[PDB]
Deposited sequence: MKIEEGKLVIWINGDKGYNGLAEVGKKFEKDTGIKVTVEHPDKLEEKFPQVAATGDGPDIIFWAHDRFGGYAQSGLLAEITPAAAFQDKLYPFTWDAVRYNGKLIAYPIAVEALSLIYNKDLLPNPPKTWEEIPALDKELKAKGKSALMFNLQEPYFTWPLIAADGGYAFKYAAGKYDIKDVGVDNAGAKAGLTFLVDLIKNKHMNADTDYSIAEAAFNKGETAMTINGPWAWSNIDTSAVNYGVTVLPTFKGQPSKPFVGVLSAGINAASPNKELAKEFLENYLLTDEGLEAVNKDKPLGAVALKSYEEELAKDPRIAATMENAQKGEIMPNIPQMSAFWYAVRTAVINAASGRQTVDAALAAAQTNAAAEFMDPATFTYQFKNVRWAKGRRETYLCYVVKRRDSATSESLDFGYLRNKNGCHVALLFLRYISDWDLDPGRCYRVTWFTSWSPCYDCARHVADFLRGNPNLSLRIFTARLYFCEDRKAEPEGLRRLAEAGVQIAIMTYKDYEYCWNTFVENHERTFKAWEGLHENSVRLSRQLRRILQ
């Protein structure tokens, strides 16, 4: 990693030649060389390539990706002056805030808007409630009122959240992953309205992005819901199209997720002051943003002065308005479980498989985290030999795609063993045979014979699923030594079985436990018992 020199990473779909122009001016004035790279898949790169040797000095990406970096400690904390912060819209600073600290500079703002055909619909509706009648009217004329992608919750959330639904509760640059607004009354209302639009044949349950885009671009529908990225395509077609504020629901604005293009600084960068000088005095300026805007449109921008210039284009003003009425995309990783849950819900409610209430309840439980009591964990997962009296069995689990679809813990309930309860849970999911899933268990007890058997058969029935089991203790029922054959059966089915080591207890302590910010405290003989049990399991597995 060079010193006295700036290396900038930004995606290829951005304005990087304009950015290179900016860096050229910076190099001209300060004699400090600046090179813009736009490598393919840089956002996947950075969390690793930068975590060790070097990376870029500055990285441009949507803010939600930075949170994951920030907790890894890969992003330098910034403290720009109030005088500089006032140059940007205050809500954009909230997007670059992680755990109370500012981890990046806001650049651009994007959100969904209501795109309408001006020839079909010169006066687009202000409310969602208007849309059924309007559709009934347009369907007599061979058109439809509205088509947008219903398959992805990103597009359907603005309506669902309007009456008070939300992802995670946000305070002072911090998100509560235990607080989730998915099954609350507002979300119920919004999703009920959507499903009612489908039941009444105003919209179609199978409509997706390309279908909606094709429909609107060909003039087959009066409205669609979409972002700036779609605009040029509509430019190619012949459609007279406006872009305006999303319709209200029950008097309240639709609330789309707001992406914020942001510039983070490498925590491993020697050049941090150079980066701040560049970003503050060169990039974020009317001229600096103008430069990259010439190359490719940023959409709406975080800088007030230039946004006032860009907003003379009413579609950008619409983008900004919808953004200011929407909610900031949470930058926490648990968001991935949100996406999967809500999507599922919205599908199951749209096809009539589930009621709105049931779907949103399941989605709520999936998205919201439930943490174990610390004393409970310490007692139940102790790997020592006084292994009797732990009469229950606790199972911590993570379900992935690498995307973390679910995580949490179970315990034996009403006589039913915990492994079977998990099978019961995961069975209910509709898993795509096409896709592959990775499930990880941390169990206080190793499964008994019957549990191990049912798990083995389940995994035989689902080859797209793979399972790792990290166990604290090895369970045996008296007078059999049936259990070793069960474990052996699991290994035969392709289960990876291992005894929990210190690092596993660390992970569980900082993942599944409510620890009140206390470090994991090992007991005496943890490693000893772990090795002993490891040996023993090694004997059993042959």
Notebook entry, point to check: Numbering the deposited sequence from 1, which residue ranges have no coordinates here?
Noted result: 1-2, 404-408
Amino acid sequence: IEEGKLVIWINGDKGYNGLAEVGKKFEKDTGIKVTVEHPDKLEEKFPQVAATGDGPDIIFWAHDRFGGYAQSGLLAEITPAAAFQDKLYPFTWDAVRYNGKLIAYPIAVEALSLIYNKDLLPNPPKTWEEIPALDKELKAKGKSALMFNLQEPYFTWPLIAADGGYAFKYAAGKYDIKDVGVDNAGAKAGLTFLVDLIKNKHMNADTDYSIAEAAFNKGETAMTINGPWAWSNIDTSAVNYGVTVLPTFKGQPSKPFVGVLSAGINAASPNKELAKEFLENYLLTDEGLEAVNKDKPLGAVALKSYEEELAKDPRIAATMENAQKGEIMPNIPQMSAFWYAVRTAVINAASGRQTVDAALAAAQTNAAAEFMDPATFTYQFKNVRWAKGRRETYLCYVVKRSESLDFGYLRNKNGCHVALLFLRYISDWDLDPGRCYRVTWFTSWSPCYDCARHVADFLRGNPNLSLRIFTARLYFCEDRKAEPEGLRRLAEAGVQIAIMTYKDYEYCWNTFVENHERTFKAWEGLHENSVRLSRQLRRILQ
From here on, numbers count along this sequence of modelled residues.
Next item on the list: Decide which of the stretches 65-73 and 513-521 has the higher mean C-alpha B-factor, going by the entry.
Entry: 65-73
Next item on the list: Look over 194-202 and 115-123 in the entry and identify the one with the greater average Cα temperature factor.
Entry: 115-123
Next item on the list: Among the candidates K250, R438, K325, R353, give the one with the maximum CA B-factor reported in the record.
Entry: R353
Notebook entry, point to check: Between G259, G164, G415, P90, where does the Cα B-factor run highest in the record?
Noted result: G415
Notebook entry, point to check: When the modelled residues of the chain are sorted by Cα temperature factor, does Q364 land in the lowest, middle or highest third?
Noted result: lowest
Check: Within this chain, which third does the Cα B-factor at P80 fall in: lowest, middle or highest?
Finding: middle
Margin query: Could you place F26 in the lowest, middle or highest third of its chain by Cα temperature factor, using the values in the record?
Written below: highest
Notebook entry, point to check: Within this chain, which third does the Cα B-factor at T378 fall in: lowest, middle or highest?
Noted result: lowest
Margin query: Looking at the temperature factor on the CA atom of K276, which third of the chain's modelled residues does it land in?
Written below: middle
